[PDB]
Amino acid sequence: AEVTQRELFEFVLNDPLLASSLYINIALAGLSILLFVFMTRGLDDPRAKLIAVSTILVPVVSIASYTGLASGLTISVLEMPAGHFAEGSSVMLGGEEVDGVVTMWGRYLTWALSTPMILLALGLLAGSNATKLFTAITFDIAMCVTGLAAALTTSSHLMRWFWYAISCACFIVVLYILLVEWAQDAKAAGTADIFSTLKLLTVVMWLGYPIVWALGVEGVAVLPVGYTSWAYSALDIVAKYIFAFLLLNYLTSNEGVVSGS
């Protein structure tokens, strides 16, 4: 590994766009954790608290994920394959010019850890049975891991996009459960309004990621590294922080509705 972790860390700092897209989220994730733990202090029902802890875990994983990226621990320099729209790039790391693209794979590694929690909270709010919850979660993880594999794949351009297509198929499974299955389960659960709201927000925001992947450096490359990074951090601010705040706003005011068992 020619490029050191210190060097990548230094490249992030010194790069205004990059460093801000990263450090701003370590900050917002921390404040989110503090606000969430405070908002839910009055919950007592175990099923209501399971929804609150899973929610809270989202920014908890987020602050760790971004610290991994900012430290350089979860960043690597890869060389795109022939034909990849970003093939032939250089990053100027340390003092020399290194071939390749600064790859922030750390985003994928942790999405596989935070998104299931989001899914678990939304399934429970909707009063979902174990089967649909297992189906939503297992495919979500697969969607995130194949995403991480595509980003990590440098041997073949066509391979990169094959991983991507596998990931989309797994994505549609989750989407179908959100829009079709849980939408209906929410009625019987008495949480229709809030679910339909959070459901529409989820579908809209989540669609943003595979769009950014395809337009950013890892895909067709119209967005340079610094910009795809901000595209991902901005989706994160809504998809994770504001979204979790909204779900917890309902829960903390309607404990009785989801209290069941």
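Heads up, when I say rigid core I mean the largest set of C-alphas that superpose within 1.5 Å between the two forms. Numbering starts at 1 and runs along the sequence shown.
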After superposing on the rigid core, which of 95-103 and 135-143 has its C-alpha atoms sitting farther from this form in 9 other deposited structures of this protein?
95-103
Superpose by the rigid core and compare 86-94 with 158-166; which one moves more, by C-alpha RMS, in 9 other deposited structures of this protein?
86-94
When the Cα temperature factors in the entry are averaged, is it 42-50 or 196-204 that ends up higher?
42-50
For the stretches 1-9 and 252-260, which has the higher mean C-alpha B-factor as given in the deposited record?
1-9
Between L93, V174, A150, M143, which one tops the list for Cα B-factor in this entry?
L93
In terms of CA temperature factor as recorded, identify the highest of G72, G100, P116, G123.
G100
Ranked C-alpha temperature factor of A188 among modelled chain residues, by third:
highest
Among the modelled residues of its chain, does the C-alpha B-factor of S65 lie in the lowest, middle or highest third?
middle
Comparing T228 with the other modelled residues of its chain, is its CA B-factor in the lowest, middle or highest third?
middle
Sort the modelled residues of this chain by their C-alpha B factor and say whether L35 lands in the lowest, middle or highest third.
middle
Looking at the temperature factor on the CA atom of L109, which third of the chain's modelled residues does it land in?
highest
